Amino acid sequence: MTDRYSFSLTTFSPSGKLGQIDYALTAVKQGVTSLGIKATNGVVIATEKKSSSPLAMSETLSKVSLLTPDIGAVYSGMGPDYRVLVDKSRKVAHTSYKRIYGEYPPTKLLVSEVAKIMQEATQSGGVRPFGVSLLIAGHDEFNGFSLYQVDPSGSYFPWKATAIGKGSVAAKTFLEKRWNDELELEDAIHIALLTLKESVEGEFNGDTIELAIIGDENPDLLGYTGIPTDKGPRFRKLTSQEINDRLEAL
Amino acid sequence: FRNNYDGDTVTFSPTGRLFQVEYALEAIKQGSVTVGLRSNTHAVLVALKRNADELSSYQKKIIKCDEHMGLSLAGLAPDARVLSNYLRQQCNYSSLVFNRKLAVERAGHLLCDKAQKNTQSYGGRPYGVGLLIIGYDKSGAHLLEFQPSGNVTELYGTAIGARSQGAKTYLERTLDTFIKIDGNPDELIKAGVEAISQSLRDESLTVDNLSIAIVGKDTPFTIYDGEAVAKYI
Amino acid sequence: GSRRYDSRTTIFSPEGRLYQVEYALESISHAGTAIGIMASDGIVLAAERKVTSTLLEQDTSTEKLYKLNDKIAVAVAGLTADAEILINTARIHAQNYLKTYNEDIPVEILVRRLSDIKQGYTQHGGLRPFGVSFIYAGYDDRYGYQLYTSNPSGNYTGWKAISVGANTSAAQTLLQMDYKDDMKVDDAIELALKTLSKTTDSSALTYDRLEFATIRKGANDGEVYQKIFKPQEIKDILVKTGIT
Amino acid sequence: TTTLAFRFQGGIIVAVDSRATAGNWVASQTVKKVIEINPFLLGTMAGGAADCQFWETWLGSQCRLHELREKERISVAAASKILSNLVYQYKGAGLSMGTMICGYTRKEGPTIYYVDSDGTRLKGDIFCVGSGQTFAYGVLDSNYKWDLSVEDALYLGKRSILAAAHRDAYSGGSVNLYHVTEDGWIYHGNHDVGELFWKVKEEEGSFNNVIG
Amino acid sequence: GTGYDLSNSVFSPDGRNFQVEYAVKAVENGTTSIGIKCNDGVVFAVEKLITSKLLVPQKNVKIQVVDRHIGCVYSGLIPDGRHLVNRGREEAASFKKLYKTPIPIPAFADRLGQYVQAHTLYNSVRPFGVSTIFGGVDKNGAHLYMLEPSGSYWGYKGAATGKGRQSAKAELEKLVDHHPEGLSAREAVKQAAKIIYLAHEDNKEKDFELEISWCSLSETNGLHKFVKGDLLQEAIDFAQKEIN
Amino acid sequence: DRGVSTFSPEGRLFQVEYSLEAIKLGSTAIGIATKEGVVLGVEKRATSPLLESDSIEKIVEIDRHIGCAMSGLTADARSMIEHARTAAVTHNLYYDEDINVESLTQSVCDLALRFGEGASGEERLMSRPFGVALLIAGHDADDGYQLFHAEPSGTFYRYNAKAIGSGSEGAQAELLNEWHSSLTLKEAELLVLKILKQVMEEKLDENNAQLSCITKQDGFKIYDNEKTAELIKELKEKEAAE
Amino acid sequence: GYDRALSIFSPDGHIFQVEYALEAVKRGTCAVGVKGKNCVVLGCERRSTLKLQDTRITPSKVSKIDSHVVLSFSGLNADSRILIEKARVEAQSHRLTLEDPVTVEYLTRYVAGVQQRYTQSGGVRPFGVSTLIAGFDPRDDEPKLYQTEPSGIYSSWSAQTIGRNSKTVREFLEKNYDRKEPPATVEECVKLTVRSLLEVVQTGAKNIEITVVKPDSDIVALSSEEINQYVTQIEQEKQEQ
Amino acid sequence: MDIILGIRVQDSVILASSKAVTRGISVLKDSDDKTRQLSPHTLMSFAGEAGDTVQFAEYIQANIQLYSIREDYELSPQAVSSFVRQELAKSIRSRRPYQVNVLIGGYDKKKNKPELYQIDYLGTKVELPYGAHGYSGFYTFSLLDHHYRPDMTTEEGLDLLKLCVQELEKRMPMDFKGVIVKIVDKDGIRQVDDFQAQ
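Looking at the entry header, you'll see X-ray crystallography listed as the method and 2.70 Å as the resolution.

Following this line, the structure appears as structure tokens:
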């Protein structure tokens, strides 16, 4: 027994490439498309719920996840990997931040934490890189709204808007055309819904699409009242109904 | 074939063999011959000590494990030291904790089990030595044959080493005869020297070349070398 | 066993070379070029952002210039993520030194420590080396302005002007051609931009594709100041030097 | 116990008593409180019998290893520091020992080091260690001269321990003498206090109190 | 490609684990041994090839007891079998110590099962080279089991493994059909002796020694005991007779 | 690749055999035991005239009654000598007596097979066998003067005379004829000096060769250059004598 | 966790990793050391693959282990640091317990042991470094010069060189160094050192650094000029013929 | 306890330390130097528990010398003192703390100013014109509080100590067998062999 794999599974080839990271990226390329658009007063992340059987209940499978009450994530690539990454991301937000400073981490730092976790799976002994690319959207008092991308290598970058997965090249191009630094959140949600339509083959509605936003504080989603400073989470997942309503104005 | 499945002991060949173990067994055959036989009152070990040059000593092949137990080796000397030392402790433990002399049958079980571990785990290597254990316990004289495979067998007599087959057939023939040599050590020893010589070929057992050990009813396991074995050549 | 799948990242080639280090350097050679120039009154760090898009948020971005201390900064060439790991441990080492001696860490001590960490992944552990090369630009009261460079092997050296990343050979010749010991920060700022401008594999050298930083001792003060140029600031200094 | 060692012109004198006790019980009158670390190193013992004997015998083993390793005789300073550093590792555990490491090296010449279980290590010319140290000091201090004869120094040493054996209930038995010159130590006998006292009394006229 | 059979935990393209399959070969190459479940106990018996007249008869015992109510017999690499029993013995001691009640057969079966299955999970270990037949009487009846190198096992009416597993199984099946009411401990002991004599034909070249053991609620009080003397000879004859 | 503690089809341990090859490439070392003491001689074999030959230490002291000579990858011998010295000194601390020469040798050989990447038997942390053979010579009250050959195989033989290193097969043959149970210490010295001269590529002088002995009276002593020089002269003379 | 045997014997009896470690040294810049009658001098060459360095801060090739001992080397730079640090720590530890600074042979024996150990320990590769350690034992005036190599072997030399073209410069020293009359001066010792380096450095006033070590912790490195002066006087010895 | 005094004058720091080493009923030595030179311009005096005292001093000495050789530079007095404080601060919360009090006097070649640091075994550090450890402070702090001036010459400083030492020899219960005085300034550390009657 005992993990005797204490050496790297990712190494440099004569050309300077790190095969496993490249291959991980290839896995991401095969993944369903996902994207994110930053508005002046909010951010939107969305993706397609590619149900693997009409018997499966697509709700019981969220591709879009809340990390902190003001930070959400979505991905493209290997779903299982993403799941454990969200578990770890939610926990590191506490262990390495809330438990020290008593406040949730700002989007850049949590992204940095996630990125670290991924970088390690690129050098630690006996493991393979994570086969996913994440898009994290959030808001913090001193940095406002932000949108980041974290790749299997552990590298991350901030975006105004971008797409990853299957038709990322096409979607990125479509976004460059419609984006501007004056978009309101609803405008971005619309632009988002349009971009996603080009990537969806079949049914395109509030049950096949999963979309969430980082916007205003939802005091109605706090769970309690009596503390003025606590105004509610900025992260909200749109309901099937809320999506359809915006689709009729597509 | 074989070349792909003999890299380490943790690999089974397509036919169910463990080559690393088999190669270990091969170090035994290349080892000098030694013989074991017992009556109902004694057990004897006769071993042919091998020498490098004519300027070198004839490497000892018999090790005492306790007042009532001992063995002879054929193969990697160091490995026999390791195994005999282990057996010395097992014997020692039995006395100190239970004030009981270790049964020769139990000694075998302990040896088998220790060897087995080095054949199922990565990184290790099988022991490359054969052992012949004799002893007198609460159930009489005993003789055991230990193979690195982990297989230990109780016999009336036997031999391991190069050309060991000679002595072995001889004992399988002399069986009914020596098994009755009770109350007479000199006769069992002679019967052993006769069995061992059935495997000679190169030379003839000399004085600083022969080594004999005996244990039984009223005989604490003792080793005889040189002048002491002169009267048997 | 596992031995079958072990690359043995820490062995010598028959020529006495370290495979992984050599291949990591090969990786570094395709990274955006980073330049460091040391003048009499300061140091300049300029780097070219590898890959960019219209949608890339350049304001909130940083992939090449990182602040280690208040008196030391580095320019990165290679795996950004690998760099961040090393950058963080470097930042901690600077603080242990401060908490221990109540004095800011001398530049070389910090550089040597970081280089030793790299050297380690070279001699034991069976892990791949870090695909990173750093240009360190710092200042201390013992050697004043200093410029250093370290790579995957764990070796480090000091320079008056140097480059890491892609087209270093070209950049070094251009630098070794117009550098002068009595230069001035503003001169270096210009030399740096020109050099990058001639080695870039891109069409033009625009501001959105750059990161700039200077460590000067603002005369009107007496202390050392690090300045990581903002998009607008890079766009300006770009027009002025005549690259528009 | 009473032990002394002092540096003078002719080298070093080392004298010890030989009594061992467990309370008021005199366990031994014939114990060796001087271990010959080697042909040129002596160690005095005071405190717990076991602690001294064991650790100083161990010290000897360490010195021998130094010589096999460095192809050179260990220095009095280095040898004493081995013991001192060992004893310090055990600080607080209860080891009880007052020791003197005396030797002669070409590099240091006559040298004496005081080492105790508190971790104290001191270099000096005169030291008295043990329950009877003060008694020895009284005699030794008032008759010491750097210019004593190897004969006189030996006697003062012997006489100093005698004094201690007499007044200290926990010291006694016999006196063991040693003289240290670069050619090593020279054993100078075991003088039973039982006979040494009367001899010294008569020949010296001291101990005038006691009736003889 | 190929090579899927060189490392223990590797899945071949058709979803198999060749090393375990090769372990099986080692088992099939071994002596034949069986187990017969009777109406209130179980009987174990095995073939003991007599290599030479030198083997002290009746001494090199193979059947092993676990605790005081379990019997175990195996075919294949004997040393591996001992290893597996040593484990089972600990497994049982542990269970008794915490729950007081000696370990139920099913419970014991899984203990052996999980441990064996464990050796098919890593490439740093080799699978067991033995198929083991074991059983006993517990709180609710008698139970017979057989465990493969894969870690697979099931409850059996009768079971056999080794060289003559086919003759044995053939014979066992007859018994199952001709005795829907259940064989008796006394009967099973004989039936067992015969099945070994029959199944010995696939090795008729070498002479052998018979070994039987049983655990019957009425015949042994639910404790495992070895069949010796008269009862043994009586079964040896019942076989020697029906072999002609 | 293949395990460092793997067996060859012939029943040999690859690493130990290859180990022996390295030792054949080593400098010659010879030892002769006589009822008057054991002599140990070695070929310095400097690799350049600028190398100060007397800094070549291939003959070392284990204890006052035990000396040892090495041949092969000599750097591998440092930890062995250390272990041996400690073993000897430790034995003396525990028992207040000299350690037997055989016992000391058995102790050193116990390190031999302690190599591998995870051998199930204890904690043998050593990536490879030693690449050096040793000749341990000494004396003890029970078996007088003794000479042992300790190899990386863990086995150790006792010899009346033995040669290891580049000129071993040749030198051993020589020793076969020249050695007899009544040799004097002086005869052994000259004999060792003679055989070294035949196998050495260089003309043997008191600078590229070194002698030493171990006698019950004075223990292990390494002959200084002047002492050996004369023995060399005495040898040239007796040879030219016939 | 990682303990793979990287340095192992091959059929012909060689440890290829240790052998390849030497190839690393062959590639390193040259280094030499010649002992005078009252001093030891250490010369080392400076590469030129890239020139625009800051000599003030760039790590020098000759390092002080203690105030009376120096160590130069040829091979992997990163590796040398590890050895230098351990050497420096051991130097202090020795002063702390023996109450006397280390002897050059002792400090050498130590560095060699660290190197040897890395040739037969799992999970590590040998040091691709060879060293020259020189100085004066405490209270002694007889100069000391030793050399170590990846294998862990060490010994003393009257003069020695390691690194690229060390073959060439050794020849020079072998037919230019008389043990009968060693450079009786610090000056003529430094000269014999530069001469040997010029046999390979090919005109490099700024490509040759020298350090002089005298008894009682008297250590100093020469400046470009001082050295450049020796080069000058040497080139004339040639032309004046 | 032992006498450990220190006084920072105009261009130097003077350290006076008692010469006695007493164990129980006997004064074992009367020429003990309770000081260790950490670097050419930094001196440290110490007093406290029997073994911990020197062991600690030498340990710190070793580390500073190692730093000096690694960096070929001399850490400022302020830096060396900060290192010592942290060492003691770690020690206080360990299994068996070093029970040692120290005075660190050094001349800062970069600032060209003498500095005197007082640090107790708890890791309590403070920079002072003059300091003392143990019972001495009880009679020397008010003395110096009276006769001390920042511009005093090294000579006036030695007179000042002599005054302290006399007060200590009049009112202190113990015979500390005089003191050993050392001067730390721009030229290093030197000992005043003549204080037995200056």
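S.K.: Go over the UniProt feature "active site" in chain D with me, naming the residues and quoting the values.
M.R.: All names here are of chain D. In this numbering, the UniProt entry assigns the feature "active site" to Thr1. By secondary structure assignment, the location of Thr1 is in the segment before β1 (3-8). Excluding anything up to four places from it in sequence, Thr1 contacts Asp17, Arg19, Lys33, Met45, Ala46, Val129, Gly130, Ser131, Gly132, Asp168, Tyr170 and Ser171.

S.K.: Please provide a residue-by-residue account of the arrangement of the chains, values included.
M.R.: No other pair among the 17 pairs of chains in contact exceeds the contact count of chains C and G. No part of chain A reaches chain D; the closest C-alpha pair between them is 37 Å apart. With no contact formed, the shortest span from any C-alpha in chain B to any C-alpha in chain H equals 38 Å.

S.K.: Could you give me a rundown of the side chain of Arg125 of chain G, with the residues and numbers involved?
M.R.: Following the sequence through the fold, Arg125 of chain G ends up in the loop between α3 (104-117) and β5 (129-135). Polar side-chain contacts of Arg125 of chain G include one of 3.0 Å to the backbone oxygen of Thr122 of chain C. When neighbours within four sequence positions are excluded, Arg125 of chain G is seen to be in contact with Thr10, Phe12, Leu18, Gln119, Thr122 and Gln123 of chain C together with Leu6, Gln17, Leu76, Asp79 and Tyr118 of chain G.

S.K.: Help me get a handle on the sheet that holds strand β4 (residues 70-76) of chain E, residues and values and all.
M.R.: Residues and elements named next belong to chain E. Strand order across the open sheet formed by five strands is β3-β4-β5-β6-β7, with antiparallel pairing between neighbours. Edge positions in the sheet fall to β3 (64-66) and β7 (153-155), since each of these pairs with one other strand and no more. Neighbour-to-neighbour, the strand axes of the sheet open up by a mean angle of 25°, direction not taken into account. In the packing of helix α2 (residues 78-99) onto the sheet, contacts are made with β3, β4, β5 (130-138) and β6 (141-147), and the angle to β3 comes to roughly 20°.

S.K.: An account of the sheet that holds strand β7 (residues 100-108) of chain H is needed here, citing residue identities and associated values.
M.R.: All names here are of chain H. Judged by pairing direction, the sheet is antiparallel, and its five strands sit side by side in the order β5-β6-β7-β8-β9 without closing on themselves. Across the chains shown, the open sheet's two edge strands, defined by having one partner strand only, are β5 (35-39) and β9 (125-127). Taking each pair of neighbouring strands and ignoring which way they run, the sheet shows an average axis angle of 20°. Examined bridge by bridge, strand β8 (residues 113-119) and β9 share three bridges and lie antiparallel to one another. Its bridge partner lying in β9, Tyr117 is registered against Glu127. On the sheet, helix α1 (residues 52-71) packs against β5, β6 (42-48) and β7 and is oriented at approximately 15° with respect to β5.

S.K.: Just give me the short version of the interface of chain G and chain C, but keep the residues and values in it.
M.R.: Each side of the interface is counted separately: chain G has 31 residues, and chain C has 41 residues. Of the roughly 3,100 Å² buried where chain G meets chain C, counting both sides, 56% is carbon and sulfur surface. Connecting chain G to chain C are two salt bridges. Two residues, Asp116 of chain C and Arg81 of chain G, come together in a salt bridge whose shortest N-O distance is 2.6 Å. Remark: the boundary between chain G and chain C carries 16 residue pairs in polar contact. The dominant element in the side of chain G that touches chain C, judged by the number of residues it contributes, is helix α1 (residues 16-27) of chain G, at six residues. Taken together, the residues of the side of chain G that touches chain C sort by class into 16 nonpolar, six polar and nine charged.

S.K.: I'd like to hear about helix α2 (residues 77-91) of chain H, residue by residue, with values.
M.R.: Side chains three or four residues apart in an α-helix point the same way, a direct result of the helix having 3.6 residues per turn. All names here are of chain H. Over its 15 residues, α2 extends 21 Å from the first C-alpha to the last, a length consistent with the 21 Å expected when each residue adds 1.5 Å. Among the 15 residues of α2, twelve are classified as buried, and the element is accordingly described as predominantly covered. For α2, the set of buried residues is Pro77, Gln78, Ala79, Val80, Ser81, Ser82, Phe83, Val84, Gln86, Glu87, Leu88 and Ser91.

S.K.: I'd like a description of the pairing of strand β8 (residues 161-164) of chain A, backed by residues and values.
M.R.: All names here are of chain A. Going residue by residue along β8, you find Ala161 and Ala163 tucked away on one face and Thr162 and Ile164 tucked away on the opposite face as well. One ladder, built from four bridges, connects strand β1 (residues 34-39) with β8; its direction is antiparallel. Bridge assignment links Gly36 to a residue of β8, and that residue is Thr162.

S.K.: An account of α1 of chain G is requested, with residue identities and associated values reported.
M.R.: Residues and elements named next belong to chain G. When the terminal C-alpha atoms of α1 are compared, their 17 Å separation across twelve residues agrees well with the 16 Å that a helix rising 1.5 Å per residue should span. Buried residues of α1: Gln17, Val18, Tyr20, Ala21, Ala24 and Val25, and no others. For α1, the buried positions fall inside an angular range of 165° around the axis, keeping them on one side. Check the buried side of α1 and you find it contacts β4 (69-75) and β5.

S.K.: Outline the packing of helix α1 (residues 49-70) of chain D against helix α2 (residues 76-89) of chain D, supporting the account with residue identities and numerical values.
M.R.: Residues and elements named next belong to chain D. Packing of α1 against α2 leaves a shortest axis separation of 10 Å and a crossing angle of 130°. Here α1 lies oblique to α2, going by the angle between them. The handedness of the crossing between α1 and α2 is right-handed. When α1 is examined against α2, the residues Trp55, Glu56, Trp58, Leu59, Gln62 and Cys63 are found in contact with a partner set consisting of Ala79, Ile82, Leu83 and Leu86.

Definitions and cut-offs
- Residues numbered from 1 in each chain as written, not as in the entry; some residues may be left out.
- Chains lettered and ligands numbered in written order.
- Part of a larger assembly, values for the part shown.
- Heavy atoms only, no water.
- UniProt positions renumbered as here; feature names shortened; annotations may be inferred.
- Helix = DSSP H or I, 4+ residues; strand = E, 2+ residues; numbered from the N terminus.
- Contact = heavy atoms within 4.5 Å.
- Polar contact = N/O pair within 3.5 Å; in protein donor to acceptor, adjacent residues only side chain to side chain.
- Pairing = 2+ DSSP bridges.
- Axes fitted to C-alpha atoms, helices over the stretch in contact; angles between N-to-C directions.
- Buried area = accessible area lost by both parts, 1.4 Å probe.
- Salt bridge = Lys/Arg side-chain N within 4 Å of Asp/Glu carboxyl O.
- Nonpolar A, V, L, I, M, F, W, Y, C, P; charged D, E, K, R; others polar.
- Expected span 1.5 Å × (residues − 1).
- Buried < 20%, exposed > 50% of the residue type's maximum accessible area, 1.4 Å probe, protein only.
- Arc of directions from axis to C-beta.
- Parallel < 35°, antiparallel > 145°, perpendicular 65-115°, else oblique.
- Left-handed = near helix turned anticlockwise from the far one by under 90°.

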